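Going in written order, the chains are labelled A, B, C, D, E, F, G, H, I, J and K, and every chain counts its residues from 1.
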Amino acid sequence: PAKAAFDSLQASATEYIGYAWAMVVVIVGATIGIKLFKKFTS
Amino acid sequence: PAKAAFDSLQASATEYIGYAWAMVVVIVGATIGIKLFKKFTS
Amino acid sequence: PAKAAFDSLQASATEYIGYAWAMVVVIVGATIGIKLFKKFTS
Amino acid sequence: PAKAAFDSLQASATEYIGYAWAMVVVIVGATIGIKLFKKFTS
Amino acid sequence: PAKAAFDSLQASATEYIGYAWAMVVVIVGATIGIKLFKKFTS
Amino acid sequence: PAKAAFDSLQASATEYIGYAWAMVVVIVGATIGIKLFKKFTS
Amino acid sequence: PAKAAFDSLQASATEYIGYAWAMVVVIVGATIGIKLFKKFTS
Amino acid sequence: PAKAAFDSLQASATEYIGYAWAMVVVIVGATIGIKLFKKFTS
Amino acid sequence: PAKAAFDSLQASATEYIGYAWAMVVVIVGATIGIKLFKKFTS
Amino acid sequence: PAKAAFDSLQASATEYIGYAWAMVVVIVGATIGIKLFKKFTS
Amino acid sequence: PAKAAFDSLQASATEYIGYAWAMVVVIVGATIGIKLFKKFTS
């Protein structure tokens, strides 16, 4: 029953992974733009 | 009879092992993509 | 709860990133103008 | 007669032992491949 | 006559003991190899 | 506290940048006038 | 301390620049008068 | 030391310039007189 | 060495200039006398 | 070589000039005599 | 070639000049005789 549960979840792992991606999109965005401002200044 | 049963199953072990592999495909997928998003951000 | 918290923050990362950008606007400004004065002199 | 019977069997022990080996080949296979999938994911 | 007979046999005990050893070589072989297959799998 | 400190300073960067500009005004002045004397001579 | 030192010097740059000008007055003088002699001749 | 050396020379430039003038006096003389002879002839 | 050479020559320019003058004496002579013959005729 | 050539010619200019003079003797002759005939008539 | 041509002509000028003279002989004749008639009358 546990193996089957893990199968259903796997897929679940894919859901989490989809979310990953967005949060890191914001973090990577940060920083790229603002460091670019710093680039201009230098 | 038990030894023979184990022979039939072995093969059974191979079936389980085939399944292994997919579930871990999802888990390894997770995480690789989303951590890549984080990489971009950094 | 922590994953959700990180979602709320992401967005938070975007806030920080917006700020980045201005501070580096000042630093990049500095220096561009004054180095231009030096350019004239040379 | 029993000692002689055991001699004939010994050899018999070798037959069993040959079989051992295959069943455990499947079990060890299982698991190595699928755990490798998990490795990729991580 | 019985004591002397036992002397002749002793030696006889040594003959049996030589045989022991081989039969148990097969049994110990069995099992070591096949359990090693299982080790790989795990 | 450090981010806020940097905000206050930015502005600070602007102060430095204002100063830049004058020092380089003198250096660029130098040289333009005197090289002009040399121009006359040639 | 170095920025302040440069401020004091700037002004220093202005001193050098004042001198420029005279040396080049002599060089430009040279040559203008004597080339004028050559002009007469031609 | 080089700037000072150039100051001493400037003046040096003035010496050269004084000489200029004489050599070109001869060249300009040449030619003015003799071309005048040609003028008479024409 | 070249400046000095030019000094020696200047003087050289004066030599050439002395010669100028004679050649043009002949050319100016020509022509003045013969055009005078033409004057008589007219 | 050209200056020397011109020297040799100058003299050459004198030759031409000698010729000038005769041709214009004829032209000036013309005209003086015949205009005198006209004078008589008037 | 033109100078030589002019030499040949000069002489040519002398030819014209010879003719001058006759035409003006007629004109000067005119007038002297007839004005003499007028003289008688007065």
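Throughout what follows, contacts are C-beta pairs under 8 Å (C-beta built on N, C-alpha and C of every residue); 3 or more make two chains touch, one makes a residue touch a chain.
Novice: Same residues or different residues where chain D meets chain E? The copies count as same if more than half of the interface numbers are shared.
Specialist: Shared-number fraction below one half, so different.
Novice: Go ahead and note the Å separation of the Cα centroids belonging to chain E and chain J.
Specialist: 157
Novice: How many angstrom between the C-alpha centroids of chain C and chain B?
Specialist: Between these chains, centre-to-centre, one finds 45 Å.
Novice: Would you mind pulling out the distance in Å between where the CA atoms of chain D average out and where those of chain F do?
Specialist: The separation of the two C-alpha centroids amounts to 82 Å.
Novice: Tell me, which residues of chain E touch at least two other chains?
Specialist: 41
Novice: How is the touch graph of the chains shaped: line, ring, star, complete or other?
Specialist: Chain contacts: open path, no cycle.
Novice: What pairs of chains are touching here?
Specialist: A-B, A-C, B-D, C-F, D-E, F-G, G-H, H-I, I-J, J-K
Novice: Considering only the defined contacts, which chain I positions touch chain H in the complex?
Specialist: Per the touch definition, chain I meets chain H at residues 3, 6-7, 10-11, 13-14, 16-32.
Novice: Sort out for me which residues of chain D touch chain B in the complex.
Specialist: Answer in residue numbers: 16, 19, 22-23, 26-27, 29-31, 33-42.
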